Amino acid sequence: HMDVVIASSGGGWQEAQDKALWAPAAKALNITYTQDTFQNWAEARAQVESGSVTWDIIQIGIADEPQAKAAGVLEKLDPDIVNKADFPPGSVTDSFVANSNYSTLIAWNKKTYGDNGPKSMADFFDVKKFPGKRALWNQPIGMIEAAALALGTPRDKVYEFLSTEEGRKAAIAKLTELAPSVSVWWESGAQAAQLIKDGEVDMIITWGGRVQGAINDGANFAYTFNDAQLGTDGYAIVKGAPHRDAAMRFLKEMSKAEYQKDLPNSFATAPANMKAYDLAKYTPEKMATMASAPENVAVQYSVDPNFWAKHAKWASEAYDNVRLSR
């Protein structure tokens, strides 16, 4: 009953955070914690709106942070909770603290296409050149943008294109056109990793760590950082969290470089605290799999939380229609 409740999205990502961050930080603070899993931020919104908040800390994506904050789902974090200078600019807000960088990328089945798989969004959406079963997320972040890239929008103009009603409509029409070839709308990263390990799909748009984990487990898949979305994951405290003050201390501790340095040990992720890189001498194999590595950054575009602050509601509704029509 004294336990701080921490919730992430499960699988290898939750295990990495638990092993590297939660278990050692709790021990150092003499605190006890309970874990939970969720896939959609609207589940935290439901707890707040019902007046029955059970979660303390929620790991969320940076583009969900503006709509969660606007809806009164997040607590305002104590002022000097982290040294913002240790983190990438914008990765720390008044209600969110980054823990990692990751990518929403293309992976393909080598049994189906060999080395000649889809290497861009245009290729992924091309059913004639690449016939086969596609897998997309059942949520729109990284999916709406993948359709904009498939339409031939340059990476640096993704959100400029999506700031227009015309651009937004064309991206939805592009997802609708691909929907007949989508065999599964995956819900969790562990389910996406399982589809890869079983070869149940020919191509998938999912998170890099999940892909790499499946490949390490023996999946006959390949992937590319080309046209991938560079994302930021982090922590927020739920408005009216039962253990608000203990959660705040837990968050301050787990954000330190001494814990962050261990996050890539069992999972292909990139720690958000820059001091972690000075503390840990990562292997070249590990470096190459990190989303925030310079060679990988060059072929990606960053997620824009300002776009999602404005059009998340329209996107969620329009994307639901693409999926429910097939």
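Position 1 is the first residue in the sequence shown; the rest follow in order.
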Inset, instruction - Take the C-alpha B-factors listed in the entry for 44 to 52 and for 279 to 287, compute each mean, and give the stretch with the larger one. - result: 279 to 287
Legend entry - Higher-B stretch (mean Cα B-factor, as the entry records it), 26 to 34 or 296 to 304: 26 to 34
Legend entry - Residue of maximum C-alpha B factor among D227, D202, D156, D233, per deposited coordinates: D156
Legend entry - C-alpha B-factor winner, where the candidates are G213, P88, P140, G189: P88
Inset, instruction - Name the third of the chain's ranked CA B-factors that contains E165, choosing lowest, middle or highest. - result: highest
Legend entry - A70 CA temperature factor, ranked by third within the chain: middle
Legend entry - Third of the chain, ranked by Cα B-factor, where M121 sits: middle
Inset, instruction - Please place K111 in the lowest, middle or highest third of its chain by C-alpha B factor as given in the entry. - result: lowest
Legend entry - Ranked against its chain, the third holding the CA B-factor of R134: lowest
